[PDB]
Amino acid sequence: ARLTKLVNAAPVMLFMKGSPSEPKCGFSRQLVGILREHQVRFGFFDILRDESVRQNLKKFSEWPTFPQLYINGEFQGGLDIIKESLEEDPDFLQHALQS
């Protein structure tokens, strides 16, 4: 419930290390970069803030690492999967927001 409300805090929600302006990992920084470059406006949460949320989100999404991107409450991938998704569909981020 805690996690559902968090992953749905914004239509696009990025779970990352650090914040978008002060990232604390290279993959966090690159995935921020990709969202900005597509003019995507997004919420975020710094999973460094709380081990419980950090570990439980991995259980939640069934994905072992961060960052983790959610769109409309659905898990979309980490960096490498978002990049592959964009290779397939340059308009991936658009398409994933559609209802």
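Note that residue numbering follows the sequence shown and begins at 1.
Among all modelled residues in its chain, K83 ranks in the middle third by Cα B-factor. Per the deposited record, the Cα B-factor of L6 falls in the lowest third when ranked against the other modelled residues of its chain. The PDB entry assigns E74 a C-alpha temperature factor belonging to the highest third of its chain's modelled residues. Placement of the Cα temperature factor of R49 within the chain: middle third of the modelled residues, per the deposited record. Sort the chain's modelled residues by C-alpha temperature factor and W63 lands in the middle third, per the entry.
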